[PDB]
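Participant: Below is the structure I would like to discuss, written out as structure tokens.
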DNA sequence: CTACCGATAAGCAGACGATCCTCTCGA
DNA sequence: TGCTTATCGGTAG
RNA sequence: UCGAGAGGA
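Chains as they are written, first to last, in the working numbering: chain A, 1 to 56; chain B, 57 to 191; chain C, 192 to 341; chain D, 342 to 455; chain E, 456 to 504; chain F, 505 to 602; chain G, 603 to 658; chain H, 659 to 714; chain I, 715 to 806; chain J, 807 to 889.
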């Protein structure tokens with residue numbers, strides 16, 4: 001459907017900003033730094049979560 | 057093309073603090089790099105280190121380079137730097153012939169090009185330490 | 192967990208730290224070797240207040256081993272300067288003299304000297320790697336990344 | 342932290358201790374050469390490193406178009422025309438903190454907040 | 456020269472014939488540099504194929 | 505691929521002459537301390553010389569191929585982050601037009 | 603890809619397909635998709651050999 | 659039977675020891691190989707009833 | 715240019731369709747200009763040193779035949795156009 | 807004339823290519839969407855091979871479906887030559 | 001203090017790797 | 001994924 | 001017949 005296509009477009013648009021804010025967070029050193037795993041390992045994990053969050 | 061599957065696997069030993077550092081054809085033994093530079097006519101340790109450490113400001117390379125000097129400190133002059141067997145018969149001449157032809161086939165394989173061959177070897181050890189420091 | 196504790200957050204945190212395998216290699220920023228002969232007079236201006244405090248075995252060594260420590264690494268994995276100081280002391284005691292900075296201090300360092308009544312420099316380097324890649328600190332060996340689960 | 346070498350024979354120096362005067366003196370093995378210590382420090386390990394995070398920055402940095410460009414301003418020159426790159430220390434643990442280098446001022450500034 | 460060259464031309468023409476028909480960039484000895492995916496016969500089912 | 509083509513191999517000697525005519529220090533008599541930002545110049549993964557300012561060097565060399573003096577098959581890279589310049593006239597390289 | 607800038611940690615530059623199959627994949631998406639496909643058949647051809655050995 | 663040359667018999671006996679062994683196993687050891695010119699080896703009894711498409 | 719000589723006959727002008735049909739190798743002849751020189755030294759053991767210093771064969775001596783590639787620089791097909799390619803029994 | 811250039815896989819490391827010469831040029835429904843581009847891409851369809859170019863709308867299909875087709879297209883009838 | 005009893009490392013090759021089916025091309 | 005074979009250092013005779 | 005390659009669900 002017409003509005004559904006636009007609704008799917010905005011789902012990926014908010015997700016991009018969701019990833020952008022996490023990307024900006026990692027650039028300023030301040031990050032969650034989850035136990036055991038690396039800071040970069042922690043980033044990818046939270047990034048791919050947002051990517052599939054919008055997808056499904 | 058000349059085929060020749062000639063390869064010089066320059067190997068860095070030790071993972072605590074035994075940072076010794078290369079294979080040469082046709083020799084069934086690993087040769088410390090300091091002896092290789094002395095056999096090329098470069099006897100002073102400072103000049104040898106100038107081939108590896110281009111930036112004499114950074115200390116990190118020299119620290120890893122510190123033990124690979126004392127390991128072959130017995131060998132000093134070119135006369136004693138070439139005598140290392142390689143094979144037994146009589147040999148200094150056998151290893152002398154290896155350096156001109158077999159060792160570093162690219163660039164040139166004539167004779168009087170010791171400075172050109174040592175700089176390639178100097179860069180190879182440099183690249184090996186660059187990944188050892190994780191740079 | 193202990194059957195007595197059904198679902199205790201702080202009890203689980205007590206276990207994970209008591210089992211996780213850790214060493215000096217995981218906390219030390221840099222391992223330095225300095226030259227200082229007088230035991231009551233150190234070259235380092237930071238290592239001054241610490242000296243007079245510790246003074247209150249037989250024949251000392253003029254070879255000092257300084258070890259810079261990360262304030263965050265000791266904080267994130269639960270460690271103190273007192274517990275580390277005695278962990279190195281228990282592995283030697285009569286063999287080596289161990290000095291350590293106060294936990295309150297801005298700079299966290301460990302001062303180590305030999306006690307054997309000089310060719311010690313090259314011998315000290317072998318002792319350095321044993322302190323970082325051999326001496327255990329917390330939990331049982333082979334153990335790695337530990338995680339709590341809901 | 343820097344190391345010195347004999348003037349006569351350009352060979353490696355070994356530190357020797359004056360057991361009488363109580364002071365460090367770097368000696369030679371090839372020859373009998375000696376010299377007084379410039380610094381009490383002998384050997385440094387440095388496990389945790391901050392070095393080489395801003396490595397390989399020739400002033401011909403503007404020539405490389407592969408690098409992404411920023412609209413940020415310098416603290417002293419206030420230059421808008423800037424270029425940047427991630428941590429040059431290629432390690433498993435290292436963070437994704439940006440390093441801004443300016444084309445016309447040669448000054449380098451971080452994006453770090455900790 | 457030329458009389459010996461007649462037998463030598465045969466070893467050179469057959470040396471090129473052997474490799475280009477079988478597929479092995481080595482001597483007629485066999486098992487030495489036995490790379491068979493060299494002299495592959497041309498496909499002719501479709502023009503695009 | 506449709507566009508892709510393989511290299512046949514051109515003689516490296518003509519290019520070696522042009523490189524020497526624009527600034528090239530011999531490897532037999534090289535200065536490490538004297539030269540600060542030493543741009544290590546490589547021909548087919550083989551060290552030959554060193555040049556001080558490669559900015560104008562690359563600028564002159566890039567148009568030399570475009571003119572037709574140097575075969576466009578031959579590749580040339582400038583790594584500013586490692587102070588290096590590799591030039592390849594080797595046989596077997598895959599190249600696409602842009 | 604040479605089409606992307608250095609140290610670009612965006613989802614679009616790391617294999618994320620925003621376009622629908624109906625919409626049509628862009629060349630950037632299509633190559634990363636081809637990588638995700640090529641790896642798939644490799645996981646088939648290899649794991650199938652070990653299975654025949656496992657059953658016997 | 660004839661004029662036994664001592665260290666000339668062993669040079670032939672070793673050939674018989676080789677011929678009898680290559681007949682049963684031509685796979686075979688660390689350094690010997692044995693072939694039936696033109697350049698292709700002989701099919702031994704071990705290799706005739708060997709695993710996967712071979713008697714058993 | 716690819717030409718293969720037959721039994722009791724002249725060197726036949728071998729064409730791509732001819733080799734494909736007659737089941738023959740599309741090979742081109744090679745000839746080198748060899749220089750035979752001797753090159754003597756009237757000497758006895760010590761001394762010794764230098765020579766100071768001392769055959770035109772047939773018109774370019776044969777060495778063998780190289781299989782020539784179709785549409786290559788040394789092939790008939792490189793010069794040929796569509797109009798004449800049909801008379802050669804070759805597909806354009 | 808110096809209008810087009812042949813870039814090797816090694817040479818691709820030091821350059822930036824602009825895919826769309828229209829979109830990636832000024833500032834600024836169909837499919838979804840620093841300015842220092844050294845080179846320009848001829849046409850995106852040029853990344854495909856032989857049999858791949860014969861596939862209609864390969865972007866709209868799944869990659870293994872085109873990978874299955876890639877080798878399947880080799881086993882076709884038609885006319886290969888006129889001779 | 002020496003002879004013996006077992007400890008861990010040095011040195012160090014082995015033979016296996018889907019099931020069936022189609023077809024050509026030599027030497 | 002095994003095996004093979006020296007070297008080692010240690011208790012008690 | 002042996003050996004090599006190509007292709008199939």
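Every residue gets a Cβ at the ideal spot worked out from N, C-alpha and C, and that includes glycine.
So residue 591 of chain F and residue 547 of chain F are in contact, right, with Cβ under 8 Å, and what is the actual spacing, rounded?
Facilitator: Start at 1 with the first residue of the sixth chain, and residue 591 of chain F comes out as number 87. Start at 1 with the first residue of the sixth chain, and residue 547 of chain F comes out as number 43. Sure, about 5 Å apart at Cβ, within 8 Å.
Participant: Report the rounded CA-to-CA distance for residue 852 of chain J versus residue 506 of chain F, giving the unit in angstroms.
Facilitator: Your numbering for residue 852 of chain J matches position 46 in the tenth chain. Your numbering for residue 506 of chain F matches position 2 in the sixth chain. Near 6 Å, if we compare the C-alpha coordinates of residue 506 of chain F and residue 852 of chain J.
Participant: Relative to the C-alpha of residue 463 of chain E, which residue among I/802, I/797, I/778 is closest?
Facilitator: Looking up residue 463 of chain E in the fifth chain gives position 8. Here the closest residue by C-alpha is I/778.
Participant: In chain order, what residues of the same chain have a beta carbon less than 7 Å from the beta carbon of residue 371 of chain D, not counting five sequence neighbours either side?
Facilitator: The residue labelled residue 371 of chain D in the question sits at position 30 within the fourth chain. Only 350, 352 meet the Cβ criterion.
Participant: Apart from the five residues on each side of it in sequence, which residues of its chain come closer than 7 Å, Cβ to Cβ, to residue 480 of chain E?
Facilitator: Here residue 480 of chain E refers to the residue found at position 25 of the fifth chain. Hits under 7 Å: 474, 488, 490, 493.
Participant: When the cut-off is 8 Å and only beta carbons count, does residue 801 of chain I lie next to chain J?
Facilitator: Your numbering for residue 801 of chain I matches position 87 in the ninth chain. Chain J contact via Cβ: absent.
Participant: Quick one: what does DSSP say residue 649 of chain G is sitting in, helix, strand or coil?
Facilitator: As a working note, residue 649 of chain G is residue 47 in the seventh chain. Helix, per DSSP.
Participant: By the criterion of Cβ-Cβ separation under 7 Å, what are the contact partners of residue 454 of chain D in chain A?
Facilitator: Here the question's residue 454 of chain D lines up with position 113 in the fourth chain. Chain A residues near residue 454 of chain D: 28, 29, 30.
Participant: Measuring CB atoms only, is the segment 441 to 450 of chain D touching the segment 739 to 752 of chain I, in the sense that at least three cross pairs come out at less than 8 Å?
Facilitator: no
Participant: With DSSP collapsed to three states, give me the class of residue 812 of chain J.
Facilitator: Here residue 812 of chain J corresponds to residue number 6 of the tenth chain, with the count starting at 1. Here residue 812 of chain J sits in strand by DSSP.
Participant: Would you please verify whether the beta carbon of residue 814 of chain J is less than 8 Å from any beta carbon of chain G?
Facilitator: Counting from 1 along the tenth chain, the entry for residue 814 of chain J is found at position 8. Taking Cβ atoms only, chain G never reaches closer than 8 Å to residue 814 of chain J, which makes this a no.
Participant: Whose Cβ in chain J lies nearer than 8 Å to the Cβ of residue 805 of chain I?
Facilitator: Your numbering for residue 805 of chain I matches position 91 in the ninth chain. Within chain J, the residues near residue 805 of chain I are 887, 888, 889.
Participant: What residue does the alpha helix (DSSP H) around residue 124 of chain B start on, and which one ends it?
Facilitator: Taking the first residue of the second chain as position 1, residue 124 of chain B is located at position 68. Note, residue 124 of chain B: alpha helix (DSSP H), 123 to 126.
Participant: Rounded to the nearest angstrom, what separates residue 431 of chain D and residue 284 of chain C at their Cα positions?
Facilitator: Translated into positions along the fourth chain, residue 431 of chain D becomes position 90. Translated into positions along the third chain, residue 284 of chain C becomes position 93. Looking at the two C-alpha atoms, the distance is approximately 40 Å.
Participant: Rounded to a whole number of angstroms, what is the C-alpha to C-alpha distance between residue 123 of chain B and residue 117 of chain B?
Facilitator: Within the second chain, residue 123 of chain B is the residue found at index 67, counting from 1. Within the second chain, residue 117 of chain B is the residue found at index 61, counting from 1. Answer to the nearest angstrom: the Cα atoms are 11 Å apart.
Participant: Under a CB-based cut-off of 8 Å, is residue 393 of chain D close to chain F?
Facilitator: Mapped onto the fourth chain, residue 393 of chain D falls at position 52. It does not: the Cβ of residue 393 of chain D has no partner Cβ on chain F nearer than 8 Å.
Participant: Quick check on residue 226 of chain C: does DSSP put it in helix, strand or coil?
Facilitator: As a first step, residue 226 of chain C must be located in the third chain, where it is residue number 35. Of the three classes helix, strand and coil, the one that applies to residue 226 of chain C here is strand, per DSSP.
Participant: Which residues in the same chain have their Cβ closer than 6 Å to the Cβ of residue 527 of chain F, if we skip the five residues on either side of it in sequence?
Facilitator: As a position in the sixth chain, residue 527 of chain F is number 23, starting the count at 1. Hits under 6 Å: 555.
Participant: With 8 Å as the C-beta to C-beta threshold (strictly closer), list the residues of the segment 607 to 627 of chain G near chain D in chain order.
Facilitator: 607, 608, 609, 610, 611
Participant: Identify whether residue 339 of chain C lies in helix, strand or coil by the three-state DSSP scheme.
Facilitator: Numbered from its first residue, the third chain carries residue 339 of chain C at position 148. In this structure, residue 339 of chain C counts as coil in the three-state DSSP scheme.
Participant: Which full runs of the beta strand (DSSP E) of 3+ residues lie inside the segment 394 to 449 of chain D, going along the chain?
Facilitator: 423 to 426, 440 to 443
Participant: Just the Cα atoms here: how many angstroms apart are residue 648 of chain G and residue 654 of chain G?
Facilitator: Locating residue 648 of chain G in the seventh chain gives position 46, counting from the first residue. Locating residue 654 of chain G in the seventh chain gives position 52, counting from the first residue. Straight-line Cα distance between these residues: approximately 11 Å.
Participant: Would you say residue 252 of chain C reaches chain D, if we count a Cβ-Cβ gap shorter than 8 Å as a contact?
Facilitator: Mapped onto the third chain, residue 252 of chain C falls at position 61. It does not; no Cβ of chain D falls within 8 Å.
Participant: At a CB-CB cut-off below 8 Å, which residues of chain D make contact with residue 820 of chain J?
Facilitator: Reading the tenth chain from its first residue, position 14 is the one you call residue 820 of chain J. Those are 405, 407, listed as they occur along chain D.
Participant: Can you name the residues of chain F whose CB is closer than 7 Å to the CB of residue 853 of chain J?
Facilitator: By 1-based counting over the tenth chain, the position of residue 853 of chain J is 47. Here the neighbours are 505.
Participant: Would you call the CB atoms of residue 869 of chain J and residue 638 of chain G closer than 8 Å?
Facilitator: In the tenth chain, counting from the first residue as 1, residue 869 of chain J sits at position 63. In the seventh chain, counting from the first residue as 1, residue 638 of chain G sits at position 36. Yes, they are a contact pair.
Participant: Among all the DSSP beta bridges, which residues are the ones paired with residue 590 of chain F?
Facilitator: The residue given as residue 590 of chain F occupies position 86 in the sixth chain. DSSP lists F/546, F/581 as partners of residue 590 of chain F.
Participant: Strictly below 7 Å CB to CB, what residues from chain F border residue 866 of chain J?
Facilitator: As a position in the tenth chain, residue 866 of chain J is number 60, starting the count at 1. Residues of chain F passing the Cβ test: none, with the nearest at roughly 20 Å.
Participant: Quick one: using the 10 Å Cβ neighbour count with 16 as the cut-off for buried, is residue 55 of chain A buried or exposed?
Facilitator: Taking the first chain and counting its residues from 1, the one referred to as residue 55 of chain A is at position 55. By the neighbour-count rule (16 or more Cβ atoms within 10 Å), residue 55 of chain A is not buried but exposed.
Participant: Return the bridge partner residues of residue 719 of chain I from the DSSP annotation.
Facilitator: For the purposes of this step, residue 719 of chain I is identified with residue 5 of the ninth chain, where counting begins at 1. Beta-bridge pairing links residue 719 of chain I to I/725.
Participant: Cβ closer than 7 Å: which chain D residues qualify as neighbours of residue 891 of chain J?
Facilitator: An answer regarding residue 891 of chain J cannot be provided, because it is not within the stretch 807 to 889 covered by chain J.
Participant: Rounded to the nearest angstrom, what separates residue 162 of chain B and residue 616 of chain G at their Cα positions?
Facilitator: Taking the second chain and counting its residues from 1, one reaches residue 162 of chain B at position 106. Taking the seventh chain and counting its residues from 1, one reaches residue 616 of chain G at position 14. For residue 162 of chain B and residue 616 of chain G, the distance between alpha carbons rounds to 40 Å.
Participant: At what residues does the alpha helix (DSSP H) containing residue 22 of chain A begin and finish?
Facilitator: Taking the first chain and counting its residues from 1, the one referred to as residue 22 of chain A is at position 22. Where residue 22 of chain A is concerned, the enclosing alpha helix (DSSP H) starts and stops at 2 to 27.
Participant: So who's on the other strand from residue 509 of chain F, going by DSSP bridges?
Facilitator: As a first step, residue 509 of chain F is located in the sixth chain; it is residue number 5 there, counting from the start. Paired residue(s): F/599.
Participant: Could you spell out the range, first to last residue, of the alpha helix (DSSP H) harbouring residue 138 of chain B?
Facilitator: Residue 138 of chain B sits at position 82 when you count from the first residue of the second chain. Looking at the DSSP string, the run of the alpha helix (DSSP H) that includes residue 138 of chain B is 134 to 138.
Participant: If you compare alpha carbons, which of D/359, D/344, D/342 is closest to residue 309 of chain C?
Facilitator: In the third chain, counting from the first residue as 1, residue 309 of chain C sits at position 118. Selected option, being the one with the closest Cα: D/359.
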